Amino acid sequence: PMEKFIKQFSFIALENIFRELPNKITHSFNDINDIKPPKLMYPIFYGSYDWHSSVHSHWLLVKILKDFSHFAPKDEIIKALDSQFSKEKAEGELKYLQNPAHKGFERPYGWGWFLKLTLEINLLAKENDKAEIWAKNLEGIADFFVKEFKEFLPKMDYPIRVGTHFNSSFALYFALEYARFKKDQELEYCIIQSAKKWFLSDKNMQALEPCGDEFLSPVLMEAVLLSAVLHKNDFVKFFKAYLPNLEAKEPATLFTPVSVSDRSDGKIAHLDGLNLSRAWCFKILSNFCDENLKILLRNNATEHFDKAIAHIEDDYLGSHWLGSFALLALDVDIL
């Protein structure tokens, strides 16, 4: 069952990381000469349509290598990642990141996904010596993003709730996993304090969702971050007041997989990812529920997943990223 998915995910992500065109850059500069093709600006992450999608397509391959290598073109993936994760190319990425004219680049979606990639590489490095070299070569970029989080989070009086790549909860969820693995107590504290400051008074959520270009659910992603930030007992109480009518399938929009009118439009194509990431969030949250609601949410997750899984290769505007959310949804630890 996973066999078909892993083969498909492998093919997609391997094509993504090397595919140069089409591409979209979001690039600030104060020097007219600092306008170059992505291949030169981003020596590793130039493919997969944009920088952050290339990062998590690399993550998808690392995750497949760590946990699903029997289903995957293992040798091809290892050769591909080896030529990508070199010291010189990583120094090129760090050079772009550390240039003051590029301040704010990829905040926070690329930051969180990069820490998730670094985390997955370090976990693979527990058994694979090549991944220990990859982890060493990418350490400087990871340290850059950790520092940027520590510098920026204290400035955030307010969260960013929208279900696009600016979503605060998504990026901090991954940064928190990274922080706990690295035992970065200061990053962990910064994230926990920020989440509590922003979200602890949220209750009886309206959930005006989805919006036309969202690939994340504002209310679910926030709950998922808080499921890692709060103590279990505290989270269960918070969650019951947060969405108090879930057992009646309310708010109804969360139990209705979203419609996708045109997969050839880059923004509307995000809504396929919403059905996938809703499935992912529902599975995570199901582990904090009593048995009846647990199964209800997992059934809901499967209905959302099934509405999107068949379309992840319809268009490169989907296939350059949807595989990562499909695997995230599939791989949640069911407890």
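Counting begins at 1, following the sequence as shown.
* Segment of higher mean CA temperature factor, 203-211 or 111-119 -> The stretch with the larger mean CA B-factor is 203-211.
* To do: Decide which of the stretches 29-37 and 299-307 has the higher mean C-alpha B-factor, going by the entry.
  => Mean CA B-factor is higher for 29-37.
* To do: Can you pull the Cα B-factors for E93, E106, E222, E127 from the entry and say which is highest?
  => The listed residue with the largest C-alpha B-factor is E127.
* Asked: Of the choices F145, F152, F170, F235, which one's C-alpha carries the largest B-factor in the record?
  -> Out of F145, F152, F170, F235, the record gives the largest C-alpha B-factor to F235.
* Cα B factor band for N275 (lowest, middle or highest third within the chain) -> Its C-alpha B-factor, which the entry lists for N275, ranks in the lowest third among residues of this chain.
* Please rank the C-alpha B-factors of the chain's modelled residues and tell me whether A329 sits in the lowest, middle or highest third. => It falls in the bottom third of the chain.
* Asked: Ranked by Cα temperature factor within the chain, is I64 in the lowest third, the middle third or the highest third?
  -> Middle third by C-alpha B-factor.
* By its CA B factor, does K87 count among the lowest, middle or highest third of the modelled residues in the chain? -> For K87, the deposited C-alpha B-factor lands in the highest third.
* Going by what the PDB entry lists, where does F239 fall on CA B-factor within its chain: lowest, middle or highest third? -> Answer is highest: the recorded C-alpha B-factor places it there.
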